[PDB]
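Structure first, then comments.
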Amino acid sequence: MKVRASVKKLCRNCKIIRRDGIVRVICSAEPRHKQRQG
Amino acid sequence: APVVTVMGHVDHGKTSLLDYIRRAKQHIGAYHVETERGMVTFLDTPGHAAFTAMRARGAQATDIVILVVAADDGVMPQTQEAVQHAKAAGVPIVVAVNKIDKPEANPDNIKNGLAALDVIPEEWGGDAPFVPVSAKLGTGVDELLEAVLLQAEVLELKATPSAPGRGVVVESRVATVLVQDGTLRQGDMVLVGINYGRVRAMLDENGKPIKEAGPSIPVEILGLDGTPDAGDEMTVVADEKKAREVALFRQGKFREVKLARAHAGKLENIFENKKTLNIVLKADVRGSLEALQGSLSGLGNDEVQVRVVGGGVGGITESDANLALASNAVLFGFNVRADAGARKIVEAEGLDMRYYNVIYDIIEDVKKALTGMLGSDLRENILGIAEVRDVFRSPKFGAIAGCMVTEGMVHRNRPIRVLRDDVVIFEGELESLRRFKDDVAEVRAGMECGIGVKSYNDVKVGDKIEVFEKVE
Amino acid sequence: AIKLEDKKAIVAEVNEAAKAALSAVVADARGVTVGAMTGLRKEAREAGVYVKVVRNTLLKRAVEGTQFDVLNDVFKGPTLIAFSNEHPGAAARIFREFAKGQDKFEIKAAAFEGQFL
Amino acid sequence: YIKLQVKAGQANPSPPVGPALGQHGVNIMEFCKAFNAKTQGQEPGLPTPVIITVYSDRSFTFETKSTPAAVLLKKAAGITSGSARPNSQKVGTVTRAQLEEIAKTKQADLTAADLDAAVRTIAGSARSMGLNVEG
RNA sequence: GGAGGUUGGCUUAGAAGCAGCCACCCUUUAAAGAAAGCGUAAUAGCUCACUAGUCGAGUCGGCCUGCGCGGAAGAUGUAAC
RNA sequence: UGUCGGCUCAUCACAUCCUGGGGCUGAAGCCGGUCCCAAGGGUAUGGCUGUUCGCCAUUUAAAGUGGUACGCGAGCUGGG
Ligand SMILES: Nc1nc2c(ncn2[C@@H]2O[C@H](COP(=O)(O)OP(=O)(O)O)[C@@H](O)[C@H]2O)c(=O)[nH]1
Ligand SMILES: [Mg+2]
Ligand SMILES: [Mg+2]
Ligand SMILES: [Mg+2]
Ligand SMILES: [Mg+2]
Ligand SMILES: [Mg+2]
Ligand SMILES: [Mg+2]
Ligand SMILES: [Mg+2]
Ligand SMILES: [Mg+2]
Ligand SMILES: [Mg+2]
Ligand SMILES: [Mg+2]
Ligand SMILES: [Mg+2]
Ligand SMILES: [Mg+2]
Ligand SMILES: [Mg+2]
Ligand SMILES: [Mg+2]
Ligand SMILES: [Mg+2]
Ligand SMILES: [Mg+2]
Ligand SMILES: [Mg+2]
Ligand SMILES: [Mg+2]
Ligand SMILES: [Mg+2]
Ligand SMILES: [Mg+2]
Ligand SMILES: [Mg+2]
Ligand SMILES: [Mg+2]
Ligand SMILES: [Mg+2]
Ligand SMILES: [Mg+2]
Ligand SMILES: [Mg+2]
Ligand SMILES: [Mg+2]
Ligand SMILES: [Mg+2]
Ligand SMILES: [Mg+2]
Ligand SMILES: [Mg+2]
Ligand SMILES: [Mg+2]
Ligand SMILES: [Zn+2]
């Protein structure tokens, strides 16, 4: 997982969700596109 | 009565099958079994590496060879390397799927996987037999023993019993021989390679003392002055002075032939001395092997045919070097270096061995060799080697590695390769080298230093670093 | 995507052909490759049979000139209008053997002089 | 099954035909004569495609589709290399009389309604080479 | 379903939609890029763009603006109403 | 309001050196790289130099980074 301040989609399958008051990116295509914070 | 060699991939069943077959019907190096269809013998040590070394000495100590594969985990790279080693020598290959005693019991991928190697089975095209056997279970001894002879269908005459002594050496402990032609009544004077003696001890495989040696049967002789090599040849003489004169003539002729080989067999002397130039390829990855094989499969038609006789992935093991020597071939290492034993065989014999980094370079060189107009001594040189002994990487800039510099001078004005297991991993240039934390810029031979390479930090304990200059 | 101006443009082309066409059939095309459809369109083009694919909701709009109005009950699922321009019938023999070999489409229904068949 | 592009009558065991000996093992010397059975037809050299349908063991089939419409335009227009940059660096020239035959020798494998359309297929292929088409 | 001329031309040991450069047409079509991505040494192989069905009423994005959310780690003890 | 270093004795922060739990990897295995959570307990001996530091020699699971009048002379020393 990649922790930044500027989280955003990297491809079509990425998905912006908000979980316990934190913005996250979950991607079914590539497990490298996971992101936190931001 | 052929002479069989067992041959296959590691942990597939060779020793198991050999021991079983011997047990059904004290290790010296050879053994023999009598069956109603005819006596058949085997050599103790299996594997191509031992079979081709003696062949590299004109021995031709083989008639038939058998591959053992497994129903599970079938053709593996050393299996196809063995089939290469058997075709290059040239003997019919009789196959046997061993591990049919398992739940994974499908000799269906084996057949159509091994078929794409010119070992096509009978139901496919009719070229080489296939047989399921199982040393653990036992079901398959009969079919294999019948097929070993049914596939021995050359005339198979000669081996005229009453004949002068003529055999080949096997295990030079004291020694053994597996005679081809003649009889070896004990007490007779003998020339065994560059060596002389008389037969006092004539032990058998089981150790029962005898005095008569069969036509194609093994026997361990003891009484000779010492130990010859492992592939030399033995005959009968009568005069000790004759034996010594022949020995010295052999010394001189061998010292001549080594130079003649190291002269004419170079790549530089291709056109002068058809002739079907043989190469022996070794590449770093399978793609750069297949591509360059397909490139050198066709080069020139009416003058010289270039056919690759080897080809594997990894460093230049000494089995590869022995194969190249025996087939009078030219080594080729694309991004792979030689081991120690390969260096030993290379230094003793001739057998041109040249390294490369660009696919195009080998094609260019072979073109100029086939036209006989190639230049000599091109494409860089080795001006220093270092061995990595410790890798420490501080969290400010972590790339430094301790190195013991061996036989050469490593500098900063020359690019480098880093290589593990005699296979290169990276080719760049230096970033830092510093002794006692002080940035000296020239490291001597036999010294020790700390090397760090630019834009690559992955060196490990046990690597090597070569430094080279594109010299022209 | 398509536009409203083109939507009423494509119904005229079906309506223009259907005005003078004599024998028409309806068939599906799911599962058959576009490669295997080049052969069929080659056969029809040699025999003067006009084959086309239109939207179901546009076929009902297009077929209004009292030509094949007895077909508006089977415009469900994919469609392929195959109107016969010469030798009425014609584009039924082509569909007769093509259905057998290719294993696709039930050839829905057919219309001839107001016969649902 | 397997397909490739070999010359007009040689088809010898060579890097033109490398993986036919690995696809199913296959006696490739058999396929060499079989390809040579239809011989040159246009003298050896002109590349011709194949569709080798492989069955249990090494059953063959053999069609020889056509001769590709790139060597044909180079032949009828002189030079044997097309442009390294179309638009400007024109290389050849043809006429609507040559385009008639080069399509008439591929009326199989063009699936074009009438032959007037089959020409506009070829002229589109010319405009990528560097040739320029005219009367 | 996602095709045919066609491994588009050049280059290249090999460049086949997918190393790099130039183009970027045509055919059968409901639709299909001289190809957006993954893969191969080159192929092969798997998706996407696009279109035909099915489902029946809302749906998609941008602009202005009020209040909030992350970005936000320190040393004796909550300890920045 | 006695100013460097050594000795004795400590106390806190976490921006974690080891041990503990995880995500990604150009992660096959044995090793690693990087980021996240975690302050419970541990966290060298010597040669040179007045030295803190540093460089060497041999170890260790590791030989953390800082604040405390650059902690500590009505606790010692007195080499600078
Ligand atoms: N299940 C099974 N195991 C076998 C069979 N044959 C051999 N093995 C096992 O596989 C291993 C083969 O090793 P071996 O051939 O002796 O070593 P190698 O000479 O280097 O090939 C042995 O440990 C045997 O126990 C078989 O038919 N079935
Ligand atoms: Mg942040
Ligand atoms: Mg939670
Ligand atoms: Mg295993
Ligand atoms: Mg707002
Ligand atoms: Mg805020
Ligand atoms: Mg606190
Ligand atoms: Mg505190
Ligand atoms: Mg933390
Ligand atoms: Mg830590
Ligand atoms: Mg930890
Ligand atoms: Mg961990
Ligand atoms: Mg980790
Ligand atoms: Mg703490
Ligand atoms: Mg604590
Ligand atoms: Mg602590
Ligand atoms: Mg506790
Ligand atoms: Mg110290
Ligand atoms: Mg001192
Ligand atoms: Mg301070
Ligand atoms: Mg302090
Ligand atoms: Mg102080
Ligand atoms: Mg302090
Ligand atoms: Mg005080
Ligand atoms: Mg004091
Ligand atoms: Mg003091
Ligand atoms: Mg005081
Ligand atoms: Mg005082
Ligand atoms: Mg006091
Ligand atoms: Mg004093
Ligand atoms: Mg003093
Ligand atoms: Zn993604």
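Labels for the structure tokens follow display order: chains A, B, ..., residues from 1 in each chain, ligands from 1.
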Review point. Can you list, as a PyMOL selection string, every protein, DNA or RNA residue that comes within 6 Å of stretch 12-26 of chain C when you count only C-alpha atoms (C1' of nucleotides), leaving out same-chain residues fewer than 4 positions away?
Key: chain C and resi 62+80-85+88-89+107-112
Practice item. Give me, as a ChimeraX atom specification, the contact residues of chain A against chain E at a cut-off of 7 Å, counting only C-alpha atoms (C1' of nucleotides). Key: /A:5,37-38
So which residues are near ligand 8, meaning at most 9 Å away with only C-alpha atoms (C1' of nucleotides) and all ligand atoms counted, given back as a PDB file with C-alpha atoms (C1' of nucleotides), in the first residue's frame?
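Writing done, so here's part.pdb:
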ATOM      1  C1'   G E  74       8.831  15.692  20.631  1.00  0.00           C
ATOM      2  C1'   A E  75      10.880  15.496  24.462  1.00  0.00           C
ATOM      3  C1'   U E  76       8.798  15.947  33.755  1.00  0.00           C
ATOM      4  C1'   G E  77       2.307  15.069  33.392  1.00  0.00           C
TER       5        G E  77
ATOM      6  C1'   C F  12      11.669  11.501  28.735  1.00  0.00           C
ATOM      7  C1'   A F  13      10.276  11.892  22.843  1.00  0.00           C
TER       8        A F  13
END
Cut-off 12 Å: closest chain F/ligand 28 atom pairs per residue, using only C-alpha atoms (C1' of nucleotides) and all ligand atoms, as a tab-separated table:
residue	atom	partner	partner_atom_place_in_ligand_line	distance
F:2	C1'	ligand 28	1 (Mg)	8.3
F:73	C1'	ligand 28	1 (Mg)	5.8
F:74	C1'	ligand 28	1 (Mg)	5.7
F:75	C1'	ligand 28	1 (Mg)	10.2
F:76	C1'	ligand 28	1 (Mg)	11.1
Check your understanding: chain C: which residues are strand (DSSP E or B) by DSSP, as a ChimeraX atom specification?
Key -> /C:23-26,49-52,81-84,110-111
Preceding selection exported with N, CA and C atoms as a compact mmCIF listing (two decimals), in the first residue's frame:
# COMPACT_ATOMS: atom_id res chain seq x y z
N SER C 23 -40.37 -11.54 -50.84
CA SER C 23 -40.25 -12.58 -49.83
C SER C 23 -39.20 -12.17 -48.81
N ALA C 24 -39.59 -12.17 -47.53
CA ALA C 24 -38.71 -11.76 -46.45
C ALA C 24 -38.73 -12.80 -45.34
N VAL C 25 -37.58 -12.97 -44.69
CA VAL C 25 -37.43 -13.88 -43.57
C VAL C 25 -36.70 -13.16 -42.45
N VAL C 26 -36.87 -13.68 -41.23
CA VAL C 26 -36.24 -13.13 -40.04
C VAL C 26 -35.41 -14.23 -39.40
N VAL C 49 -30.16 -11.59 -52.94
CA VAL C 49 -30.90 -11.60 -51.68
C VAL C 49 -30.31 -10.53 -50.78
N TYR C 50 -31.16 -9.67 -50.23
CA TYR C 50 -30.73 -8.54 -49.42
C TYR C 50 -30.85 -8.89 -47.95
N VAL C 51 -29.72 -8.92 -47.25
CA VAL C 51 -29.66 -9.25 -45.83
C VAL C 51 -29.20 -8.02 -45.07
N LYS C 52 -29.84 -7.75 -43.93
CA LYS C 52 -29.49 -6.60 -43.11
C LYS C 52 -29.85 -6.89 -41.66
N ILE C 81 -33.17 -9.20 -41.07
CA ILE C 81 -34.12 -9.18 -42.17
C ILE C 81 -33.41 -9.64 -43.44
N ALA C 82 -33.98 -10.63 -44.12
CA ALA C 82 -33.43 -11.16 -45.36
C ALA C 82 -34.53 -11.13 -46.41
N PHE C 83 -34.59 -10.04 -47.17
CA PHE C 83 -35.61 -9.84 -48.19
C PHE C 83 -35.12 -10.36 -49.53
N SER C 84 -36.01 -11.01 -50.27
CA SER C 84 -35.69 -11.62 -51.55
C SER C 84 -36.13 -10.69 -52.67
N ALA C 110 -41.18 -16.31 -41.19
CA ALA C 110 -41.06 -15.81 -42.56
C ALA C 110 -42.41 -15.27 -43.01
N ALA C 111 -42.38 -14.37 -43.99
CA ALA C 111 -43.59 -13.73 -44.50
C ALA C 111 -43.65 -13.85 -46.01
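For ligand 5, the protein and nucleic acid residues at most 12 Å away, judged by only C-alpha atoms (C1' of nucleotides) and all ligand atoms, amount to residues 64, 65, 66, 67, 68 and 69 of chain E.
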Would you save the residues from that selection as a PDB file, in the first residue's frame, using N, CA, C and O atoms (P, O5', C5', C4', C3', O3' and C1' of nucleotides)?
ATOM      1  P     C E  64     -16.153  27.903 -10.047  1.00  0.00           P
ATOM      2  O5'   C E  64     -17.404  28.663  -9.425  1.00  0.00           O
ATOM      3  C5'   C E  64     -17.707  29.999  -9.794  1.00  0.00           C
ATOM      4  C4'   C E  64     -18.911  30.516  -9.050  1.00  0.00           C
ATOM      5  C3'   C E  64     -18.849  30.437  -7.534  1.00  0.00           C
ATOM      6  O3'   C E  64     -18.106  31.489  -6.949  1.00  0.00           O
ATOM      7  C1'   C E  64     -20.933  29.626  -8.271  1.00  0.00           C
ATOM      8  P     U E  65     -17.199  31.210  -5.656  1.00  0.00           P
ATOM      9  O5'   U E  65     -18.242  30.797  -4.523  1.00  0.00           O
ATOM     10  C5'   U E  65     -19.062  31.773  -3.896  1.00  0.00           C
ATOM     11  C4'   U E  65     -20.154  31.148  -3.063  1.00  0.00           C
ATOM     12  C3'   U E  65     -19.714  30.404  -1.813  1.00  0.00           C
ATOM     13  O3'   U E  65     -19.415  31.257  -0.724  1.00  0.00           O
ATOM     14  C1'   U E  65     -21.289  29.102  -2.985  1.00  0.00           C
ATOM     15  P     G E  66     -18.371  30.783   0.399  1.00  0.00           P
ATOM     16  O5'   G E  66     -19.287  30.136   1.524  1.00  0.00           O
ATOM     17  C5'   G E  66     -20.322  30.882   2.141  1.00  0.00           C
ATOM     18  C4'   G E  66     -21.076  30.044   3.140  1.00  0.00           C
ATOM     19  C3'   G E  66     -20.227  29.161   4.033  1.00  0.00           C
ATOM     20  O3'   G E  66     -19.641  29.864   5.108  1.00  0.00           O
ATOM     21  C1'   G E  66     -22.029  27.907   3.193  1.00  0.00           C
ATOM     22  P     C E  67     -18.201  29.430   5.656  1.00  0.00           P
ATOM     23  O5'   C E  67     -18.473  28.037   6.371  1.00  0.00           O
ATOM     24  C5'   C E  67     -19.347  27.958   7.483  1.00  0.00           C
ATOM     25  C4'   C E  67     -19.611  26.532   7.895  1.00  0.00           C
ATOM     26  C3'   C E  67     -18.399  25.655   8.129  1.00  0.00           C
ATOM     27  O3'   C E  67     -17.744  25.904   9.358  1.00  0.00           O
ATOM     28  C1'   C E  67     -19.994  24.462   6.878  1.00  0.00           C
ATOM     29  P     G E  68     -16.270  25.318   9.610  1.00  0.00           P
ATOM     30  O5'   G E  68     -16.522  23.784   9.938  1.00  0.00           O
ATOM     31  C5'   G E  68     -15.527  22.805   9.692  1.00  0.00           C
ATOM     32  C4'   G E  68     -16.144  21.471   9.371  1.00  0.00           C
ATOM     33  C3'   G E  68     -15.170  20.345   9.088  1.00  0.00           C
ATOM     34  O3'   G E  68     -14.632  19.766  10.260  1.00  0.00           O
ATOM     35  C1'   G E  68     -16.818  20.371   7.412  1.00  0.00           C
ATOM     36  P     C E  69     -13.103  19.284  10.282  1.00  0.00           P
ATOM     37  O5'   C E  69     -13.041  18.203   9.123  1.00  0.00           O
ATOM     38  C5'   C E  69     -13.709  16.959   9.250  1.00  0.00           C
ATOM     39  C4'   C E  69     -13.140  15.949   8.296  1.00  0.00           C
ATOM     40  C3'   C E  69     -11.629  15.896   8.235  1.00  0.00           C
ATOM     41  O3'   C E  69     -11.065  15.202   9.328  1.00  0.00           O
ATOM     42  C1'   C E  69     -12.495  15.893   6.048  1.00  0.00           C
TER      43        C E  69
END
Exercise for review: Name each residue within 12 Å of ligand 3, counting only C-alpha atoms (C1' of nucleotides) and all ligand atoms, as a PyMOL selection string.
Suggested key: chain A and resi 19-22
Check your understanding: Quick one: distance from atom CA of residue B:5 to atom CA of residue B:314 in Å, one decimal?
Key -> 25.3 Å
Practice item. Give the residues close to ligand 32, within 6 Å, counting only C-alpha atoms (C1' of nucleotides) and all ligand atoms; write them as number ranges by chain. Key: A: 10-11, 13-14, 27, 29-30, 33
**Study point:** Shell of 10 Å around ligand 18 (only C-alpha atoms (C1' of nucleotides) and all ligand atoms), written as a VMD selection string
**Key:** chain F and resid 45 to 48 53 to 54
Since we have the selection now, will you write its residues out, keeping N, CA, C and O atoms (P, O5', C5', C4', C3', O3' and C1' of nucleotides), as a PDB file, in the first residue's frame?
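Okay, this is what ended up in again_29.pdb:
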ATOM      1  P     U F  45      31.722  -1.354  26.198  1.00  0.00           P
ATOM      2  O5'   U F  45      33.075  -2.180  26.086  1.00  0.00           O
ATOM      3  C5'   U F  45      33.244  -3.402  26.784  1.00  0.00           C
ATOM      4  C4'   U F  45      34.400  -4.192  26.225  1.00  0.00           C
ATOM      5  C3'   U F  45      35.721  -3.454  26.130  1.00  0.00           C
ATOM      6  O3'   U F  45      36.413  -3.444  27.362  1.00  0.00           O
ATOM      7  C1'   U F  45      35.304  -4.608  24.108  1.00  0.00           C
ATOM      8  P     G F  46      37.450  -2.273  27.702  1.00  0.00           P
ATOM      9  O5'   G F  46      38.682  -2.563  26.743  1.00  0.00           O
ATOM     10  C5'   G F  46      39.252  -1.528  25.960  1.00  0.00           C
ATOM     11  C4'   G F  46      40.245  -2.065  24.967  1.00  0.00           C
ATOM     12  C3'   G F  46      40.983  -1.024  24.151  1.00  0.00           C
ATOM     13  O3'   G F  46      41.965  -0.266  24.858  1.00  0.00           O
ATOM     14  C1'   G F  46      40.144  -2.613  22.685  1.00  0.00           C
ATOM     15  P     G F  47      43.531  -0.592  24.832  1.00  0.00           P
ATOM     16  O5'   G F  47      44.022  -0.218  23.368  1.00  0.00           O
ATOM     17  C5'   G F  47      45.145  -0.884  22.814  1.00  0.00           C
ATOM     18  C4'   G F  47      45.528  -0.353  21.460  1.00  0.00           C
ATOM     19  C3'   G F  47      45.726   1.143  21.347  1.00  0.00           C
ATOM     20  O3'   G F  47      46.972   1.567  21.859  1.00  0.00           O
ATOM     21  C1'   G F  47      44.504   0.358  19.490  1.00  0.00           C
ATOM     22  P     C F  48      47.066   2.929  22.689  1.00  0.00           P
ATOM     23  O5'   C F  48      46.966   4.058  21.583  1.00  0.00           O
ATOM     24  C5'   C F  48      47.881   4.107  20.507  1.00  0.00           C
ATOM     25  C4'   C F  48      47.490   5.155  19.502  1.00  0.00           C
ATOM     26  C3'   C F  48      47.072   6.499  20.056  1.00  0.00           C
ATOM     27  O3'   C F  48      48.179   7.300  20.425  1.00  0.00           O
ATOM     28  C1'   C F  48      45.594   5.840  18.333  1.00  0.00           C
ATOM     29  P     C F  53      31.503   9.874  20.521  1.00  0.00           P
ATOM     30  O5'   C F  53      31.989  10.447  19.116  1.00  0.00           O
ATOM     31  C5'   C F  53      31.071  11.072  18.233  1.00  0.00           C
ATOM     32  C4'   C F  53      31.759  11.755  17.077  1.00  0.00           C
ATOM     33  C3'   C F  53      32.339  10.861  15.997  1.00  0.00           C
ATOM     34  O3'   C F  53      31.365  10.383  15.087  1.00  0.00           O
ATOM     35  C1'   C F  53      33.887  12.554  16.539  1.00  0.00           C
ATOM     36  P     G F  54      31.527   8.934  14.412  1.00  0.00           P
ATOM     37  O5'   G F  54      32.950   8.981  13.698  1.00  0.00           O
ATOM     38  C5'   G F  54      33.180   9.786  12.551  1.00  0.00           C
ATOM     39  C4'   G F  54      34.638   9.780  12.170  1.00  0.00           C
ATOM     40  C3'   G F  54      35.212   8.426  11.811  1.00  0.00           C
ATOM     41  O3'   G F  54      34.928   8.061  10.475  1.00  0.00           O
ATOM     42  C1'   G F  54      36.674   9.535  13.299  1.00  0.00           C
TER      43        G F  54
END
Exercise for review: For residue E:29, please output as an MDAnalysis selection string all residues within 10 Å (counting only C-alpha atoms (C1' of nucleotides); exclusion window: fewer than 6 positions along the same chain).
Suggested key: (chainID C and resid 34 37:38 41 52:53) or (chainID E and resid 3)
Go ahead and write the selection's residues with N, CA, C and O atoms (P, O5', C5', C4', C3', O3' and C1' of nucleotides) as a PDB file, in the first residue's frame.
ATOM      1  N   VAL C  34     -18.159 -13.333 -37.360  1.00  0.00           N
ATOM      2  CA  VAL C  34     -18.265 -12.429 -38.497  1.00  0.00           C
ATOM      3  C   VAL C  34     -17.515 -12.986 -39.696  1.00  0.00           C
ATOM      4  O   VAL C  34     -17.818 -12.637 -40.841  1.00  0.00           O
ATOM      5  N   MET C  37     -19.962 -15.166 -41.429  1.00  0.00           N
ATOM      6  CA  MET C  37     -21.041 -14.398 -42.034  1.00  0.00           C
ATOM      7  C   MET C  37     -20.643 -13.756 -43.352  1.00  0.00           C
ATOM      8  O   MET C  37     -21.527 -13.378 -44.129  1.00  0.00           O
ATOM      9  N   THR C  38     -19.346 -13.614 -43.619  1.00  0.00           N
ATOM     10  CA  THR C  38     -18.924 -13.109 -44.920  1.00  0.00           C
ATOM     11  C   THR C  38     -19.304 -14.081 -46.025  1.00  0.00           C
ATOM     12  O   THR C  38     -19.680 -13.665 -47.126  1.00  0.00           O
ATOM     13  N   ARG C  41     -23.168 -13.678 -46.689  1.00  0.00           N
ATOM     14  CA  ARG C  41     -23.448 -12.460 -47.440  1.00  0.00           C
ATOM     15  C   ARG C  41     -22.896 -12.539 -48.854  1.00  0.00           C
ATOM     16  O   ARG C  41     -23.431 -11.897 -49.763  1.00  0.00           O
ATOM     17  N   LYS C  52     -29.841  -7.748 -43.931  1.00  0.00           N
ATOM     18  CA  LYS C  52     -29.488  -6.599 -43.110  1.00  0.00           C
ATOM     19  C   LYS C  52     -29.853  -6.888 -41.664  1.00  0.00           C
ATOM     20  O   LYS C  52     -30.629  -7.801 -41.369  1.00  0.00           O
ATOM     21  N   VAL C  53     -29.277  -6.099 -40.760  1.00  0.00           N
ATOM     22  CA  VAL C  53     -29.560  -6.185 -39.333  1.00  0.00           C
ATOM     23  C   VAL C  53     -29.992  -4.807 -38.854  1.00  0.00           C
ATOM     24  O   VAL C  53     -29.303  -3.813 -39.108  1.00  0.00           O
TER      25      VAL C  53
ATOM     26  P     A E   3     -11.070  -9.369 -34.555  1.00  0.00           P
ATOM     27  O5'   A E   3     -11.007  -9.926 -36.043  1.00  0.00           O
ATOM     28  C5'   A E   3     -11.624 -11.158 -36.376  1.00  0.00           C
ATOM     29  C4'   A E   3     -12.261 -11.111 -37.740  1.00  0.00           C
ATOM     30  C3'   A E   3     -11.331 -10.830 -38.903  1.00  0.00           C
ATOM     31  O3'   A E   3     -10.627 -11.984 -39.320  1.00  0.00           O
ATOM     32  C1'   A E   3     -13.284  -9.512 -39.108  1.00  0.00           C
TER      33        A E   3
END
Exercise for review: Output the contact residues of chain B with respect to chain F at a cut-off of 9 Å, based on only C-alpha atoms (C1' of nucleotides), as a ChimeraX atom specification.
Suggested key: /B:436-437,458,460
Practice item. Write down as a list in words the residues belonging to stretch 53-103 of chain C that are assigned helix (DSSP H, G or I) by DSSP computed on the backbone. Key: residues 56, 57, 58, 59, 60, 61, 62, 69, 70, 71, 93, 94, 95, 96, 97, 98, 99, 100, 101 and 102 of chain C
Practice item. Go through the chains and note each residue within 12 Å of ligand 21, using only C-alpha atoms (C1' of nucleotides) and all ligand atoms, then give the set as an NGL selection string. Key: (:E and (75)) or (:F and (65-71))
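For ligand 13, the neighbouring protein, DNA and RNA residues, which are those within 12 Å when only C-alpha atoms (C1' of nucleotides) and all ligand atoms are counted, are residues 1 of chain A; 21, 22, 23, 24, 25, 27, 32, 33, 34, 35 and 36 of chain F.
Near ligand 26, at a distance of at most 10 Å and with only C-alpha atoms (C1' of nucleotides) and all ligand atoms counted, sit the residues residues 2, 3, 4, 5, 6, 7, 72, 73, 76, 77 and 78 of chain F.
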Check your understanding: Which chains and residue numbers are within 8 Å of ligand 10, counting only C-alpha atoms (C1' of nucleotides) and all ligand atoms, if I want them as a list in words?
Key -> residues 16, 17, 18 and 64 of chain F
Point to revise | Shell of 8 Å around residue E:50, only C-alpha atoms (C1' of nucleotides), local chain residues under 2 positions omitted, as a PyMOL selection string | key: chain E and resi 2+31-32
Pull C-alpha atoms (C1' of nucleotides) from the residues just selected and write them as a PDB file, in the first residue's frame.
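Listed below is the output, out-v5.pdb:
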ATOM      1  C1'   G E   2     -14.862  -7.613 -32.011  1.00  0.00           C
ATOM      2  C1'   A E  31     -19.601  -3.001 -35.389  1.00  0.00           C
ATOM      3  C1'   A E  32     -14.675  -3.616 -35.060  1.00  0.00           C
TER       4        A E  32
END
Practice item. Please give me, as a ChimeraX atom specification, the residues lying within 10 Å of ligand 15 when counting only C-alpha atoms (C1' of nucleotides) and all ligand atoms. Key: /F:12,39-41
Practice item. Kindly compile the residues surrounding ligand 9 within 8 Å, counting only C-alpha atoms (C1' of nucleotides) and all ligand atoms, and format them as a count of residues only. Key: 5
